[PDB]
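Each chain is listed here by its residues.
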Amino acid sequence: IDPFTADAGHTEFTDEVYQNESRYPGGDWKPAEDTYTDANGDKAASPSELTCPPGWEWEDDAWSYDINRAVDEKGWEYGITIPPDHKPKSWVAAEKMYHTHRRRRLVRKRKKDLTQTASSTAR
């Protein structure tokens, strides 16, 4: 994303994973039931396990936290699990006591730089 080259032909996608903790509403957090998750809750791989495939180049330096969203300073979103329900279906940018869950997107965008996987193994 610079105004000198037209940043599209590259294929770069922001790779992400929401880490979370769980606590009683107004309590002490422990690792969540599914620590690494998707925004919905689908357990995903962890940033270390998250590696570059043949054809993909990491663009960003490590997994950081995404602050380009309506999220807390450290990325933590307001996931309150009001019974009955299994998951937070609402997220807000403020650490509120009703937080049963909180999660944040660790970000590491990646880029194919177009040329890395440009040709495919023809069989």
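Colleague: Please explain unusual backbone geometry as it appears in this structure.
Modeller: A negative phi holds for most residues other than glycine; trans holds for most peptide bonds. Residue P84 follows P83 across a cis peptide bond; omega there is 0°. With respect to the secondary-structure elements, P84 resides in the loop between β5 (77-79) and β6 (101-111). Unlike most non-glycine residues, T11 shows phi in positive territory, near 65°. Relative to the assigned elements, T11 resides in the segment before β1 (12-22). Of note in the backbone geometry, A62 takes a positive phi value of approximately 55° without being a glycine. Along the chain, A62 turns up in the loop between β3 (57-58) and β4 (64-65).

Colleague: I would appreciate a short explanation of the packing of aromatic side chains in the present structure.
Modeller: Aromatic ring pairs: the centre-centre distance and the angle between the two ring planes describe each pair. Counting across every chain of the model gives one aromatic pair. Judged by centre distance (5.5 Å) and plane angle (65°), the rings of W58 and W63 are edge-to-face. Taken as a pair, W58 and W63 share a single burial class, namely buried. Taking the ring centre of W76 as reference, the NZ or CZ of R102 above it sits at 4.3 Å. It is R108 that lies over the ring of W58; its NZ or CZ is 4.0 Å from the centre.

Calculation criteria
- Residues numbered from 1 in each chain as written, not as in the entry; some residues may be left out.
- Heavy atoms only, no water.
- Helix = DSSP H or I, 4+ residues; strand = E, 2+ residues; numbered from the N terminus.
- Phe/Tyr/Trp six-rings, centres within 6.5 Å; stacked < 30°, edge-to-face > 60°.
- Buried < 20%, exposed > 50% of the residue type's maximum accessible area, 1.4 Å probe, protein only.
- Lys NZ or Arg CZ within 6 Å of the ring centre and 35° of its normal.

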